[PDB]
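Visitor: Just one file: coords30.tsv, with TSV, C-alpha atoms and all ligand atoms.
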```tsv
chain	number	residue	atom	x	y	z
G	1	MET	CA	-13.70	-4.94	-10.58
G	2	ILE	CA	-10.39	-3.58	-11.87
G	3	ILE	CA	-9.16	-0.15	-12.95
G	4	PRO	CA	-10.11	0.58	-16.59
G	5	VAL	CA	-7.21	0.98	-18.98
G	6	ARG	CA	-8.60	4.08	-20.73
G	7	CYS	CA	-10.52	7.07	-19.47
G	8	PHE	CA	-14.12	6.80	-20.65
G	9	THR	CA	-14.59	10.32	-22.02
G	10	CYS	CA	-11.23	11.64	-23.23
G	11	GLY	CA	-9.35	8.36	-23.65
G	12	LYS	CA	-6.12	9.16	-21.79
G	13	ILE	CA	-4.23	6.10	-20.56
G	14	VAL	CA	-5.20	5.82	-16.89
G	15	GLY	CA	-4.64	2.11	-16.20
G	16	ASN	CA	-0.92	2.51	-15.52
G	17	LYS	CA	-1.49	5.36	-13.02
G	18	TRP	CA	-3.48	3.31	-10.49
G	19	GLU	CA	-0.91	1.55	-8.30
G	20	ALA	CA	1.36	4.61	-8.23
G	21	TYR	CA	-1.70	6.57	-7.11
G	22	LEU	CA	-2.04	4.12	-4.23
G	23	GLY	CA	1.60	4.81	-3.39
G	24	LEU	CA	0.77	8.50	-3.10
G	25	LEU	CA	-2.02	7.46	-0.74
G	26	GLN	CA	0.44	5.17	1.04
G	27	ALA	CA	2.47	8.38	1.35
G	28	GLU	CA	1.10	11.52	3.00
G	29	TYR	CA	-0.47	12.99	-0.15
G	30	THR	CA	-4.10	14.10	-0.22
G	31	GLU	CA	-6.41	13.04	-3.06
G	32	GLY	CA	-6.28	16.33	-4.98
G	33	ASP	CA	-2.54	16.91	-4.89
G	34	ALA	CA	-1.84	13.25	-5.68
G	35	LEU	CA	-4.08	13.55	-8.74
G	36	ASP	CA	-2.26	16.75	-9.70
G	37	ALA	CA	1.13	15.04	-9.33
G	38	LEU	CA	-0.07	12.13	-11.47
G	39	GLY	CA	-0.74	14.62	-14.27
G	40	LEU	CA	-4.54	14.35	-14.50
G	41	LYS	CA	-5.49	17.88	-15.53
G	42	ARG	CA	-9.05	17.56	-16.84
G	43	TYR	CA	-11.58	16.34	-14.29
G	44	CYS	CA	-12.65	13.23	-16.23
G	45	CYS	CA	-9.45	11.31	-15.45
G	46	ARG	CA	-9.64	12.61	-11.88
G	47	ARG	CA	-13.14	11.12	-11.71
G	48	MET	CA	-11.78	7.90	-13.23
G	49	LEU	CA	-9.12	7.42	-10.55
G	50	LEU	CA	-10.98	9.00	-7.62
G	51	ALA	CA	-14.29	7.13	-8.03
G	52	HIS	CA	-12.77	3.74	-8.87
G	53	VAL	CA	-13.16	0.94	-6.32
G	54	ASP	CA	-10.55	-1.84	-6.30
G	55	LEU	CA	-12.70	-4.97	-6.08
G	56	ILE	CA	-10.11	-7.22	-7.73
G	57	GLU	CA	-8.25	-8.12	-4.53
G	58	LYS	CA	-11.47	-8.67	-2.57
G	59	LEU	CA	-12.63	-11.04	-5.32
G	60	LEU	CA	-9.20	-12.72	-5.38
G	61	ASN	CA	-9.66	-13.42	-1.68
G	62	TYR	CA	-12.43	-15.76	-2.90
G	63	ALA	CA	-10.35	-17.17	-5.77
G	64	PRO	CA	-9.66	-20.94	-5.88
G	65	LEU	CA	-5.88	-20.68	-5.36
A	305	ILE	CA	-11.38	3.59	44.27
A	306	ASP	CA	-7.80	4.01	45.47
A	307	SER	CA	-5.30	5.21	42.88
A	308	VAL	CA	-2.69	2.54	43.69
A	309	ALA	CA	-5.06	-0.32	42.87
A	310	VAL	CA	-6.06	1.35	39.59
A	311	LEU	CA	-2.38	1.83	38.72
A	312	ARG	CA	-1.67	-1.84	39.50
A	313	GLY	CA	-4.56	-2.94	37.30
A	314	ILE	CA	-3.66	-0.68	34.39
A	315	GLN	CA	0.01	-1.75	34.48
A	316	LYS	CA	-1.13	-5.32	33.64
A	317	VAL	CA	-3.26	-4.36	30.61
A	318	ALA	CA	-1.58	-1.19	29.31
A	319	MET	CA	1.78	0.41	28.52
A	320	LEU	CA	3.00	3.98	28.99
A	321	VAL	CA	3.57	6.03	25.82
A	322	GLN	CA	4.29	9.77	26.18
A	323	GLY	CA	2.61	9.82	29.58
A	324	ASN	CA	-0.59	8.16	28.32
A	325	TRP	CA	-1.77	4.56	28.60
A	326	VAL	CA	-2.24	2.34	25.54
A	327	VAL	CA	-3.85	-1.09	25.80
A	328	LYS	CA	-1.51	-4.02	25.22
A	329	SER	CA	-1.56	-5.70	21.82
A	330	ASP	CA	-2.37	-9.16	23.20
A	331	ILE	CA	-5.47	-7.76	24.93
A	332	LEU	CA	-6.84	-6.52	21.60
A	333	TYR	CA	-5.78	-9.68	19.73
A	334	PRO	CA	-6.27	-12.97	21.62
A	335	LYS	CA	-4.04	-15.88	20.67
A	336	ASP	CA	-6.92	-17.52	18.76
A	337	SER	CA	-7.79	-14.34	16.85
A	338	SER	CA	-6.58	-13.22	13.43
A	339	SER	CA	-6.55	-10.06	11.34
A	340	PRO	CA	-10.07	-9.40	9.97
A	341	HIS	CA	-8.50	-7.90	6.83
A	342	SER	CA	-5.63	-10.32	6.07
A	343	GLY	CA	-6.16	-13.34	8.33
A	344	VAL	CA	-2.57	-13.29	9.63
A	345	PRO	CA	-2.05	-14.87	13.08
A	346	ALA	CA	-2.49	-12.60	16.09
A	347	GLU	CA	1.20	-12.91	17.01
A	348	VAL	CA	2.21	-10.92	13.92
A	349	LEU	CA	-0.41	-8.28	14.73
A	350	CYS	CA	0.94	-8.05	18.28
A	351	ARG	CA	4.50	-7.64	16.98
A	352	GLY	CA	3.44	-4.93	14.54
A	353	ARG	CA	1.46	-3.00	17.14
A	354	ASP	CA	4.37	-3.30	19.57
J	150	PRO	CA	9.72	-20.11	-2.49
J	151	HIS	CA	11.42	-17.67	-0.07
J	152	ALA	CA	9.20	-15.39	2.00
J	153	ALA	CA	8.69	-14.26	5.57
J	154	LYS	CA	6.48	-16.21	7.96
J	155	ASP	CA	3.75	-13.54	7.94
J	156	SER	CA	4.20	-11.83	4.54
J	157	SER	CA	0.90	-9.98	4.68
J	158	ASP	CA	1.67	-8.03	1.51
J	159	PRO	CA	0.98	-10.02	-1.70
J	160	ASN	CA	4.27	-8.75	-3.19
J	161	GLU	CA	6.39	-10.87	-0.83
J	162	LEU	CA	4.10	-13.92	-0.91
J	163	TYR	CA	3.59	-14.09	-4.67
J	164	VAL	CA	5.46	-13.64	-7.93
J	165	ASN	CA	3.83	-12.50	-11.19
J	166	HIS	CA	0.62	-11.78	-9.26
J	167	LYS	CA	0.21	-8.55	-11.27
J	168	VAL	CA	0.20	-9.10	-15.04
J	169	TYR	CA	1.76	-5.88	-16.28
J	170	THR	CA	1.88	-5.12	-19.98
J	171	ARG	CA	5.67	-5.52	-19.98
J	172	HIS	CA	5.09	-9.29	-19.95
J	173	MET	CA	3.89	-8.96	-23.55
J	174	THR	CA	6.55	-10.33	-25.90
J	175	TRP	CA	6.55	-9.52	-29.61
J	176	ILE	CA	6.59	-12.60	-31.84
J	177	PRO	CA	8.02	-11.67	-35.26
J	178	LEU	CA	6.35	-13.03	-38.38
J	179	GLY	CA	8.30	-13.61	-41.58
J	180	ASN	CA	10.95	-10.91	-41.98
J	181	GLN	CA	9.50	-8.44	-39.46
J	182	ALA	CA	12.45	-9.23	-37.17
J	183	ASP	CA	14.89	-7.81	-39.73
J	184	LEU	CA	12.76	-4.81	-40.70
J	185	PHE	CA	12.10	-3.68	-37.11
J	186	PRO	CA	15.08	-3.32	-34.75
J	187	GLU	CA	14.64	-4.96	-31.37
J	188	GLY	CA	12.67	-2.87	-28.89
J	189	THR	CA	10.78	-0.87	-31.53
J	190	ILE	CA	7.66	-3.07	-31.41
J	191	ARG	CA	6.28	-3.10	-27.86
J	192	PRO	CA	3.39	-1.79	-25.75
J	193	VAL	CA	3.71	1.96	-25.38
J	194	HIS	CA	3.37	2.48	-21.63
J	195	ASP	CA	5.07	-0.70	-20.28
J	196	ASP	CA	3.26	-0.32	-16.92
J	197	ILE	CA	-0.45	-0.85	-17.64
J	198	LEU	CA	-2.02	-3.29	-15.17
G	401	ZN	ZN	-9.99	11.59	-19.15
```
What would you get if you wrote out this structure as structure tokens?
Ligand SMILES: [Zn+2]
Guide:
Amino acid sequence: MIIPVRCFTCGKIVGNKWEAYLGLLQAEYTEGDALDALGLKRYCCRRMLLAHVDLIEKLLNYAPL
Amino acid sequence: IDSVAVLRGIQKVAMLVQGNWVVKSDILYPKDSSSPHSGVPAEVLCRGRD
Amino acid sequence: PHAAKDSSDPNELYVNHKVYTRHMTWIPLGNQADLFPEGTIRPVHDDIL
């Protein structure tokens, strides 16, 4: 639904690195170099950001409002 | 088919960009249509594509 | 109250549509206000969605 705050395995704070990640995708950056620039060294946080699907806005499209 | 008639037809549905022909925005987005992703009116989509 | 006619992006249409952790406000109890200088007690990252 939404990006988890913490990485599941290690526990590094990953919730605050989501929208900026999207900015790097809004820029010309690839996935790997954007993850490197965000500072995700070990592959668990890279899996956290890379494999996350942002369903929150799609659900909000069905929100009452 | 004669080239002049084809040119006349394509000038009414396409524009010239770098020597190629790109379909006009209004052709892709009719006045009753809207963005499938955001639902904005087709006029805004036409302006953005222009 | 002031936005463009289209405003496809939610940022222009809406305000406070993303609840960042900077919206958290510390509420002192007792004498904690005196003991802790302002700005010491806060969420660490300030940008968590
Ligand atoms: Zn991790």
Visitor: Ligand ZN 401 (chain G): which residues are within 8 Å, counting all atoms listed in the file? Reply as an MDAnalysis selection string.
Guide: chainID G and resid 6:12 14 40 42:46 48
Visitor: Using all atoms listed in the file, I'd like every residue of chain J that has an atom within 9 Å of chain A; please write them out as JSON, numbers by chain.
Guide: {"J": [155, 156, 157, 158]}
Visitor: Select, as a PyMOL selection string, those residues of chain J with any atom no more than 10 Å from chain G (distances computed using all atoms listed in the file).
Guide: chain J and resi 159+169-170+194-198
Visitor: What box, with edges along x, y and z, holds each listed atom of region 312-320 of chain A when 5 Å is added on every side, and can you state its centre and edge lengths in Å to one decimal, as JSON?
Guide:
```
{"center_x": -0.8, "center_y": -0.7, "center_z": 34.0, "size_x": 17.6, "size_y": 19.3, "size_z": 21.0}
```
Visitor: Quick one: everything within 10 Å of region 172-180 of chain J, counting all atoms listed in the file, minus sequence neighbours fewer than 6 positions away in the same chain. Send it as a PDB file with C-alpha atoms, in the frame of the given file.
Guide:
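Saved to selection26.pdb:
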```
ATOM      1  CA  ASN J 165       3.830 -12.500 -11.190  1.00  0.00           C
ATOM      2  CA  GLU J 187      14.640  -4.960 -31.370  1.00  0.00           C
ATOM      3  CA  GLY J 188      12.670  -2.870 -28.890  1.00  0.00           C
ATOM      4  CA  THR J 189      10.780  -0.870 -31.530  1.00  0.00           C
ATOM      5  CA  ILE J 190       7.660  -3.070 -31.410  1.00  0.00           C
ATOM      6  CA  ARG J 191       6.280  -3.100 -27.860  1.00  0.00           C
ATOM      7  CA  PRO J 192       3.390  -1.790 -25.750  1.00  0.00           C
ATOM      8  CA  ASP J 195       5.070  -0.700 -20.280  1.00  0.00           C
ATOM      9  CA  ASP J 196       3.260  -0.320 -16.920  1.00  0.00           C
TER      10      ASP J 196
END
```
Visitor: To one decimal in Å, tell me the separation between CA of residue 160 (chain J) and CA of residue 36 (chain G).
Guide: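 Between CA of residue 160 (chain J) and CA of residue 36 (chain G) the gap works out to 27.1 Å.
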Visitor: Between CA of residue 346 (chain A) and CA of residue 330 (chain A), what is the distance in Å, rounded to a tenth?
Guide: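 CA of residue 346 (chain A) sits 7.9 Å away from CA of residue 330 (chain A).
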Visitor: If we count all atoms listed in the file and set the cut-off at 10 Å, which residues sit around residue 1 (chain G), ignoring sequence neighbours fewer than 2 positions away in its own chain? Please answer as a list in words.
Guide: residues 3, 4, 52, 53, 54, 55, 56, 57, 58 and 59 of chain G
Visitor: What's the separation between CA of residue 51 (chain G) and CA of residue 30 (chain G), in Å to one decimal place?
Guide: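 Separation between CA of residue 51 (chain G) and CA of residue 30 (chain G): 14.6 Å.
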Visitor: Could you pull the residues within 12 Å of region 310-316 of chain A, counting only C-alpha atoms, minus those fewer than 4 positions along the same chain, as a list in words?
Guide: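 Non-adjacent residues within range: residues 305, 306, 320, 324, 325, 326, 327, 328, 329, 330 and 331 of chain A.
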Visitor: With the input short on atoms, add N, CA, C and O atoms back to region 310-332 of chain A and write it as an mmCIF file, keeping the file's coordinate frame.
Guide:
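So part04.cif came out as:
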```cif
data_model
loop_
_atom_site.group_PDB
_atom_site.id
_atom_site.type_symbol
_atom_site.label_atom_id
_atom_site.label_comp_id
_atom_site.auth_asym_id
_atom_site.auth_seq_id
_atom_site.Cartn_x
_atom_site.Cartn_y
_atom_site.Cartn_z
ATOM 1 N N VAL A 310 -5.815 1.061 40.997
ATOM 2 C CA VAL A 310 -6.060 1.350 39.590
ATOM 3 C C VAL A 310 -4.757 1.306 38.802
ATOM 4 O O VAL A 310 -4.701 0.782 37.684
ATOM 5 N N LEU A 311 -3.682 1.862 39.372
ATOM 6 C CA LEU A 311 -2.380 1.830 38.720
ATOM 7 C C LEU A 311 -1.886 0.395 38.550
ATOM 8 O O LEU A 311 -1.375 0.023 37.485
ATOM 9 N N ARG A 312 -2.044 -0.430 39.591
ATOM 10 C CA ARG A 312 -1.670 -1.840 39.500
ATOM 11 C C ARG A 312 -2.445 -2.539 38.399
ATOM 12 O O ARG A 312 -1.872 -3.294 37.602
ATOM 13 N N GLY A 313 -3.756 -2.300 38.330
ATOM 14 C CA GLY A 313 -4.560 -2.940 37.300
ATOM 15 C C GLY A 313 -4.199 -2.490 35.900
ATOM 16 O O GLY A 313 -4.143 -3.299 34.971
ATOM 17 N N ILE A 314 -3.944 -1.188 35.723
ATOM 18 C CA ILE A 314 -3.660 -0.680 34.390
ATOM 19 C C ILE A 314 -2.261 -1.082 33.933
ATOM 20 O O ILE A 314 -2.011 -1.215 32.729
ATOM 21 N N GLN A 315 -1.324 -1.298 34.868
ATOM 22 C CA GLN A 315 0.010 -1.750 34.480
ATOM 23 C C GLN A 315 -0.001 -3.160 33.891
ATOM 24 O O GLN A 315 0.950 -3.532 33.195
ATOM 25 N N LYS A 316 -1.045 -3.954 34.158
ATOM 26 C CA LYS A 316 -1.130 -5.320 33.640
ATOM 27 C C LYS A 316 -1.827 -5.407 32.287
ATOM 28 O O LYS A 316 -1.730 -6.448 31.623
ATOM 29 N N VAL A 317 -2.532 -4.354 31.869
ATOM 30 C CA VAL A 317 -3.260 -4.360 30.610
ATOM 31 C C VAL A 317 -2.880 -3.192 29.706
ATOM 32 O O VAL A 317 -3.457 -3.047 28.628
ATOM 33 N N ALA A 318 -1.915 -2.364 30.100
ATOM 34 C CA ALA A 318 -1.580 -1.190 29.310
ATOM 35 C C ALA A 318 -0.099 -0.859 29.475
ATOM 36 O O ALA A 318 0.568 -1.322 30.404
ATOM 37 N N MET A 319 0.401 -0.051 28.541
ATOM 38 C CA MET A 319 1.780 0.410 28.520
ATOM 39 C C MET A 319 1.782 1.933 28.466
ATOM 40 O O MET A 319 0.812 2.563 28.025
ATOM 41 N N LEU A 320 2.881 2.524 28.920
ATOM 42 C CA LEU A 320 3.000 3.980 28.990
ATOM 43 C C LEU A 320 3.704 4.495 27.737
ATOM 44 O O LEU A 320 4.849 4.120 27.460
ATOM 45 N N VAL A 321 3.017 5.352 26.987
ATOM 46 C CA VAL A 321 3.570 6.030 25.820
ATOM 47 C C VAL A 321 3.307 7.520 25.978
ATOM 48 O O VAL A 321 2.143 7.944 26.006
ATOM 49 N N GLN A 322 4.377 8.309 26.088
ATOM 50 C CA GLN A 322 4.290 9.770 26.180
ATOM 51 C C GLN A 322 3.361 10.210 27.306
ATOM 52 O O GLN A 322 2.605 11.177 27.179
ATOM 53 N N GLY A 323 3.408 9.487 28.421
ATOM 54 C CA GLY A 323 2.610 9.820 29.580
ATOM 55 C C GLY A 323 1.169 9.353 29.530
ATOM 56 O O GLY A 323 0.431 9.574 30.496
ATOM 57 N N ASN A 324 0.745 8.718 28.439
ATOM 58 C CA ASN A 324 -0.590 8.160 28.320
ATOM 59 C C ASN A 324 -0.518 6.639 28.357
ATOM 60 O O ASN A 324 0.558 6.044 28.286
ATOM 61 N N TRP A 325 -1.682 6.007 28.476
ATOM 62 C CA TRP A 325 -1.770 4.560 28.600
ATOM 63 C C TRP A 325 -2.436 3.974 27.366
ATOM 64 O O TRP A 325 -3.533 4.395 26.983
ATOM 65 N N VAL A 326 -1.766 3.003 26.750
ATOM 66 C CA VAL A 326 -2.240 2.340 25.540
ATOM 67 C C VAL A 326 -2.413 0.865 25.852
ATOM 68 O O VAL A 326 -1.502 0.241 26.416
ATOM 69 N N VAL A 327 -3.571 0.307 25.494
ATOM 70 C CA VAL A 327 -3.850 -1.090 25.800
ATOM 71 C C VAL A 327 -2.831 -1.987 25.108
ATOM 72 O O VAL A 327 -2.345 -1.687 24.008
ATOM 73 N N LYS A 328 -2.474 -3.081 25.771
ATOM 74 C CA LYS A 328 -1.510 -4.020 25.220
ATOM 75 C C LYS A 328 -2.064 -4.704 23.983
ATOM 76 O O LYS A 328 -3.278 -4.872 23.827
ATOM 77 N N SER A 329 -1.155 -5.096 23.090
ATOM 78 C CA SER A 329 -1.560 -5.700 21.820
ATOM 79 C C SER A 329 -2.273 -7.033 22.041
ATOM 80 O O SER A 329 -3.265 -7.333 21.365
ATOM 81 N N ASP A 330 -1.774 -7.852 22.971
ATOM 82 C CA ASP A 330 -2.370 -9.160 23.200
ATOM 83 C C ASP A 330 -3.793 -9.056 23.730
ATOM 84 O O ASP A 330 -4.613 -9.949 23.500
ATOM 85 N N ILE A 331 -4.100 -7.974 24.456
ATOM 86 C CA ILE A 331 -5.470 -7.760 24.930
ATOM 87 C C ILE A 331 -6.409 -7.569 23.745
ATOM 88 O O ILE A 331 -7.499 -8.154 23.697
ATOM 89 N N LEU A 332 -6.010 -6.743 22.779
ATOM 90 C CA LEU A 332 -6.840 -6.520 21.600
ATOM 91 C C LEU A 332 -6.936 -7.776 20.741
ATOM 92 O O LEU A 332 -8.000 -8.086 20.199
#
```
